[PDB]
Structures are given as structure tokens and as C-alpha cells.
Protein chains: 2
Amino acid sequence: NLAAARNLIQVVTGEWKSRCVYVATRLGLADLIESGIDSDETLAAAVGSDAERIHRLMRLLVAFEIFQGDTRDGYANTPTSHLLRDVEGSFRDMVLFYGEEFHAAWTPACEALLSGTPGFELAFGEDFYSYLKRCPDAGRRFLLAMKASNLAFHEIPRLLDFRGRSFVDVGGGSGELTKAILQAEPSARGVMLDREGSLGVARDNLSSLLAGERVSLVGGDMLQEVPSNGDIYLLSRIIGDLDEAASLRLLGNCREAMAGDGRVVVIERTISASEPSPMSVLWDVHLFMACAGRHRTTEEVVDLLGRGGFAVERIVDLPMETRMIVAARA
Amino acid sequence: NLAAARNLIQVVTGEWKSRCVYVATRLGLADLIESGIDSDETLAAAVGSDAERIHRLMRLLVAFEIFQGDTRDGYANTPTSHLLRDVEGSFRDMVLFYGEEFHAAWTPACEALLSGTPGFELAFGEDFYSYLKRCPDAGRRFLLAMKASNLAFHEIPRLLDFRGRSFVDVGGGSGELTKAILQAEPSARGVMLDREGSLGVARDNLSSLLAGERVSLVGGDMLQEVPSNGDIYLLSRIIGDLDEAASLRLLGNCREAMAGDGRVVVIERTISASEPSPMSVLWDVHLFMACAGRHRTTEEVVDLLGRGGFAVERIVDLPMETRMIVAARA
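Asks: Outline the interface of chain A and chain B, listing residues and values.
Replies: In this complex, chain A contributes 70 residues to the contact, which on the side of chain B involves 66 residues. For the pair chain A and chain B, the summed buried area comes to about 6600 Å², and 71% of that belongs to carbon and sulfur atoms. Inspection of the chain A/chain B interface yields seven salt bridges. One salt bridge in this structure joins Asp-284 of chain A and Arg-59 of chain B, with 2.9 Å as the shortest N-O distance. For the side of chain A that touches chain B, the elements supplying multiple residues, two or more each, are α1 (2-27), α4 (51-63), α5 (79-82), α6 (92-106), α7 (109-115) and α16 (278-291) of chain A. Looking at the side of chain A that touches chain B element by element, the count peaks at 20 residues for α1 of chain A. Here the residues of the side of chain A that touches chain B sort into 44 nonpolar, 15 polar and eleven charged.

Asks: Can you explain the relation of the copies chain A and chain B? Please cite residues and give values.
Replies: Screw-axis analysis of chain A against chain B gives a translation of 0.0 Å along the axis, an RMSD of 0.5 Å, and a rotation angle of 180°. With respect to symmetry, the two chain copies, as superposed, fit the operation of a two-fold axis. Among all residues of chain A, the minimum C-alpha distance to the rotation axis is found for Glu-15 of chain A, at 1.8 Å. The overlap is high: 93% of the interface residues of chain A also sit at the interface in chain B, so the same surface is used on both sides.

Asks: Could you give an account of the sheet that holds strand β9 (residues 322-329) of chain B, with specific residues and numbers?
Replies: Residue and element names in this part refer to chain B. Taken in spatial order, the seven strands of this open sheet run β5-β4-β3-β6-β7-β9-β8, and their pairing is mixed. The open sheet has two edge strands with one neighbour each: β5 (215-219) and β8 (310-318). For this sheet, the mean inter-axis angle between neighbouring strands, taken without regard to orientation, is 20°. Note that strand β3 (residues 166-170) and strand β6 (residues 232-236) share four bridges and pair parallel.

Asks: Can you tell me about the sheet that holds strand β8 (residues 310-318) of chain A, naming the residues and giving the values?
Replies: Residues and elements named next belong to chain A. Taken in spatial order, the seven strands make up an open sheet running β5-β4-β3-β6-β7-β9-β8, and their pairing is mixed. What marks the edges here is a single partner per strand, and that holds for β5 (215-219) and β8. Averaged over all adjacent pairs, the angle separating strand axes in this sheet is 20°, with direction ignored. Both β8 and strand β9 (residues 322-329) contribute to a ladder of eight bridges, which runs antiparallel. In the strand pairing of β9, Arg-314 is matched with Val-326.

Asks: Mind laying out the nonpolar core, listing which residues take part and the relevant values?
Replies: The biggest cluster of nonpolar side chains holds 125 residues, and the ones touching the most others in it are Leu-29, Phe-91, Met-94 and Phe-102 of chain A together with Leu-29 and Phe-91 of chain B. With residues up to four places along the chain from it excluded, the contact list for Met-94 of chain A reads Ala-145, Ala-148 and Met-320 of chain A together with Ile-9 and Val-12 of chain B.

Asks: Describe the packing of α1 of chain A against helix α17 (residues 278-291) of chain B, naming the residues involved and giving the relevant values.
Replies: Axis separation between α1 of chain A and α17 of chain B bottoms out at 11 Å; the angle between their running directions is 60°. In this structure, α1 of chain A meets α17 of chain B at a crossing whose hand is left-handed. Residues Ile-9, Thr-13, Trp-16, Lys-17 and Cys-20 of chain A of α1 of chain A form the contact with α17 of chain B, whose own contacting residues are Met-279, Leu-282, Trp-283, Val-285 and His-286 of chain B. Within the contact of α1 of chain A with α17 of chain B, the residues separate by chemical class into seven nonpolar, two polar and one charged.

Asks: Can you explain helix α12 (residues 150-159) of chain B? Please cite residues and give values.
Replies: Residues and elements named next belong to chain B. By the burial criterion, the buried members of α12 are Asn-150, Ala-152, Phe-153, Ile-156 and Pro-157. The buried residues of α12 occupy an angular sector of 155° when projected down its axis, which confines them to one face. Buried residues belonging to α12 abut α11 (136-146), α13 (176-184), β6, β7 (263-268), β8 and β9.

Asks: Can you tell me about the domain arrangement of chain A, naming the residues and giving the values?
Replies: All names here are of chain A. Per the domain assignment, the segments making up chain A are domain 1 (1-84) and domain 2 (85-330). Taken over C-alpha atoms, the centre of domain 1 sits 33 Å from the centre of domain 2. At the interface, 14 residues of domain 1 touch ten residues of domain 2. For the domain 1 and domain 2 pair, buried surface summed over both sides reaches about 1000 Å², with 57% attributable to carbon and sulfur atoms.

Asks: Break down the pairing of strand β4 (residues 189-194) of chain B for me, with residues and values.
Replies: All names here are of chain B. Most of β4 is tucked away: five of the six residues are buried. Note that the unit made of β3, α13 and β4 has a crossover that is right-handed. Of the pairings in the sheet, the one linking β4 to β5 comprises five bridges and is parallel in character. Across the sheet, residue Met-192 finds its bridge partner in β5, namely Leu-217.

Asks: Tell me what's going on with the packing of aromatic side chains, and back it up with residues and numbers.
Replies: In this structure the tally under the stated criterion is 33 aromatic pairs over all chains. Aromatic side chains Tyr-98 of chain A and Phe-102 of chain A sit 5.1 Å apart centroid to centroid with 70° between the ring planes, which places their arrangement in the edge-to-face category. Of this pair, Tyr-98 of chain A and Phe-102 of chain A both sit in helix α6, four residues apart, roughly one helical turn. Since its relative accessible area comes to 10%, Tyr-98 of chain A is described here as buried. Where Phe-102 of chain B meets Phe-128 of chain B, the ring centres are 5.5 Å apart and the plane angle is 35°; that geometry is what we call tilted. Here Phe-128 of chain B lies in helix α10 (residues 128-134) and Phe-102 of chain B lies in helix α7 (residues 101-105), a separation of 26 residues in the sequence. Residue classification places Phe-102 of chain B among the buried residues on the basis of a relative accessible area of 2%. On the accessibility criterion, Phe-128 of chain B (3% relative accessible area) is buried. Geometry around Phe-64 of chain B places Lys-17 of chain B over its ring, the cationic atom sitting 4.0 Å from the centre. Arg-269 of chain B extends its terminal NZ or CZ atom over the ring of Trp-283 of chain B, reaching a point 3.8 Å from the ring centre.

Criteria and thresholds
Residues numbered from 1 in each chain as written, not as in the entry; some residues may be left out. Chains lettered and ligands numbered in written order. Heavy atoms only, no water. Contact = heavy atoms within 4.5 Å. Buried area = accessible area lost by both parts, 1.4 Å probe. Salt bridge = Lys/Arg side-chain N within 4 Å of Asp/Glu carboxyl O. Helix = DSSP H or I, 4+ residues; strand = E, 2+ residues; numbered from the N terminus. Nonpolar A, V, L, I, M, F, W, Y, C, P; charged D, E, K, R; others polar. Least-squares fit on C-alpha atoms. Pairing = 2+ DSSP bridges. Axes fitted to C-alpha atoms, helices over the stretch in contact; angles between N-to-C directions. Core = buried A, V, L, I, M, F, W, Y, C linked by side-chain atoms within 4.5 Å. Buried < 20%, exposed > 50% of the residue type's maximum accessible area, 1.4 Å probe, protein only. Left-handed = near helix turned anticlockwise from the far one by under 90°. Arc of directions from axis to C-beta. Domains from an automatic or database assignment. Right-handed = clockwise from strand over helix to strand, strands pointing away. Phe/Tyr/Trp six-rings, centres within 6.5 Å; stacked < 30°, edge-to-face > 60°. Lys NZ or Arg CZ within 6 Å of the ring centre and 35° of its normal.

Given below as C-alpha cells:
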């Protein structure tokens, strides 16, 4: 009952820790501190607070190993708080977006789980993808939030050998996975496929790589055709939105288009059918809350790969509860 | 870097777990399950949801050891989920209040820590205790939420001997501490003091014990006078709100009123000034967010006791980050 009350209270009050991290990010404390503004007084002066309130917020965060030090010798960053800094590749924009849009989305979680309308849609009056287009700047902020998952993408070219290979990023969106591969392995060449008229974001995000002729963009419908003669076909976050049939159209398109000995690589969160990792299932509820998305089990994807003519060769756990499943032609 | 990123995401997404437990609580899943309604399908029909959403919620809660089992063989409670049930001493009402009023309070946390206006006041346009006194239903719910802390009160008569002895509950409020003592030790006798005109709640909450003539109530100002000849003077969540001057008046009132070899017993959350427990400091920021209160360090309480002519005899760590400090006449 004691351990149980203590664990329960941790979970109940976890939200207040999220808020405190969000406030530390909004206030730019991690930046100020790295700069040497590192006392209660100087921090309070910089952000417009009071020294005692800063002291209390800092005491909390330090106790949870987010920052370190004290007001007298000075506060400093820890590996976790460095991620809050306003620097390339940090988690700052993800923290802010999650503490704003997704904080609002998770407020009507009860009515969402009862009705089946995502909490996001209840909170904002339109579906998520609609919101990113409507609400001014939301799209830009969300792409910055998503850069946080360059964590999994940076691992792919460390696990998979792209040296002298051509790859096809099917349904690439902004091009972050293509970008990460091409940054890591200079002899690799890619094609990114997306809907015609959808290539603008990628044209800008990939401008230097396009200028260097390391990549080309193609407009097309992946269900009708994929760019041919690739060695590796990346399906990143594609399968989850597709039903049995469209998934088999897509997989058949890659199976027939790829070079001899080519591979299909599915990159996606999948849930272990038994003993799922607690974080993977938290992401799964979140996918509902955000957009009524649904995850497959690892088994369902492996079996789906088989029905599309592939033999799985590797299943690798990536950062942020993402899997990489590599399949060759059966 | 992997490890830091995994930690940050845990903290950032912790809020969604709080929302998931709040939802299970609002829906009465633990009650339903205890009564044998224990599949996704029967749970869904019971609450007006759908089997798939229940499945995903329950998968999440089970993975975090809140419930156990599975839809086929049936879900079942755990020591943690038993605390959510609608039973006398559970955390159920605390979870609900924290997921409603305090979830609202913690939304403007940034503006709160900058301005100094508690998030509760920002959110509701009204200070916390004014809100409780004005809105009888909110006041009722808050009292039920504060019952979760009866965990600490029930330990008190196990650590102190009230057999044969008399106590004075100074600032007793609704009277839960007095009631915990008399229920544990039927031969204890006690007086509860509070401000005249405030005794309504306690007169009701303690009706039985008042009818048994085991306890009486007195209306009065503790800063001028306290009931005399007590063996044990309980100061529960009373000093925290008092300045130096007021605390020394109260302590002197106790020192002069008490029996030979009497004790003053301070029950309060305090912060260890050197290496504080992360949970104690989270409670401290929450106290600000709710009503601009704050906790003292343990050292400050010990030093204040000494200034009031007391010597600390014992310090005991009670449940839910609360301290019991026993002092005798120096």
C-alpha cells in the first residue's frame, strides 16, 4: 500500500513536472544559464520573475536532474537540460509544441476516449492535419517539433549500409530521413517521392542536397508507381495509415521496382503483441488523442511483409520507441 | 544523445499518463473491474465507449502496473488501482480534484511563476480559499481530496501513545486528525480548537465522537489562547501559514498551557535544505501554484521551535512527504 501510494502519486503529479519543464523552456533558462546568467537573482532579472520563485522552480528541476548546481556556486546545464537549448537539433520546439497544442489536446481526454473524437479535435475544432494548414505558423512549429525524431533517423545510416547505394524515400514529407541519410553517407544518392504539388517544403528543406545533385524529388502517387531500380526503399510512417489492400499495392510496387537484391525498410512504431514497452503504448494512446491514428503490432507488420512477398531479415529497436524492419524479396 | 533524450521525453510525456489515470478514475474502471466487468467489450458498454479504445487505454495502464491481466482472461485491480476505487480512504477524490481544478491551475504555470499570481488564481479569476469558501461543492470535493493524506494521520497514533492521554488539535479544520486519533485509540480524549464560526464542518464530521463525549470543540483564536493541560499539542499544517511573530505567539501559548512533560507535535511537509527529495520540492511548487503558500526547511522548523522554547525530541518521515516533529519543553 505504501510503495503503491508512492508510485500512484508519482504518476498523478507527473503532469506538474511536465509543466515545470515547459516553463523552463518558455523562459529560455537553459540558454541563459549556458550564457553564465546562473543565479536566482540574475535569472529572475532576465525573465521578469522574482528570485524566490526562480529559486523554487530551480530547486525542483535540479532535484529531478534537469539542471544542476545551486544559486551560490551557479547553476549549470545537464545532458537533459542541454536538449532545451535554442540550438540546432535540440528538443526545445518539441517541448513547446507538446506543452501547448498537445497539453490542450489531452485536456478533454475523457470525452475523447468515450466519443472517439480525438482530444485534439475537441480542443481545436478541426483535425490535426487541418489545423497545421489553417492555424498560422502551426505547421512551421510542428516541423521543428518533429526534428526531435531525427534521433531515430540519424541511426538508420549507422545500422544500414548506404555506401554507393541508391535509395527511394517513399512518401517523404519534408525530407528529414533523406537528409539524415545523405548527411551521414556522402556516396549515397536518393530519390524522394511525394504527391505532385506537395514537394515545396522538401525543395526548400533539401536545397543544398538538391543543388549538389545528391537527391532528386519526384511527384507521383506511391500506390500507382514508385521510382525504379533503388537498392533500399524506405517506408517511413507510411504503412500505419494504410489498410491491408493499399499496403499490398505499395509493397508490390516496391517489390517489382527495386533492383535485384534490393530491400524494403519499414520505419514505424509498432507495439509488441505481449509485454509491450510502457512507452510504446503511451505513444499509441497519444496517436489516438492527436489524430485517431492506430498502430500495428510488430507481428502484423512482419506478417504483412510476408503477404507482400518479403522475408524479414532484421528488426531493430530505434530511439523514441520506433522500429526498423528490414525485408528482402522472398 | 540517447539517454538524455529518453529521460526528457519521459518527463515531457508524463502529463499524458496523469490524464490516463484521471480518465480511468472519472470512468470508474477500477470499481467496474472489481465487480467483475472485466473485458474491453463489457467495460466499453458500461461507460459508453468502444472496445478498441478501452483496449488501448487498458493496455497503457497495465503496462504501467496500474491494472493487471488482459481482456480475454479478464482485467483485475493491483495495489495501485485499488487506490482509485470509490472506497473510504482511497486516492479517488484526490485524483479527480487534481485532474480538474489543479489541471486548470497548472495550465498558466509560466504566467504564474513570472507574475507571482498562483496559477489557480490566473485560471479561475479568484483565489483558491475564496473559491472553496464561496463554492460549497468545490469545498466539499477538496475536503474529500485531502482525505488521501489521512494516510499520514493514521500513522500518528501508531507512533505516539495516546492511551490515557489528552490532546489538543490546534487549527483542526474538518477534524480528520482528531478523528484518526480517536478511532485508533478509543481511550484518548481530545479538544479541537478552531476560529469561532468555523466549527460547522467539524461539528458535523465529528458528530458521533462529540455525542460520545470523547472530544469537544472550542472556538477561539489560537494566537491568543489554547486549551490547557494537554499532554499532546498537535500543530498540523498550521505553522506553514504563520509568520515569525504569529508562530512565536502560538508556540508560547502551547508552552505555557501544556501539562508537565507535555509535547508539541508539528505535522507538516518540510524541505530538507541539503539534498531534498524530488517529490517534496514538487509539492512545494504546487503549493505556490495552488495558493501562493510555501514549505519551510526542516532546519527552519527546528530553529523556530527552539526560538519558541522547545527542544526537538524526534523527527519522523510520514507518508506523502510529510514530517512529524516531536518537541518537549526545553
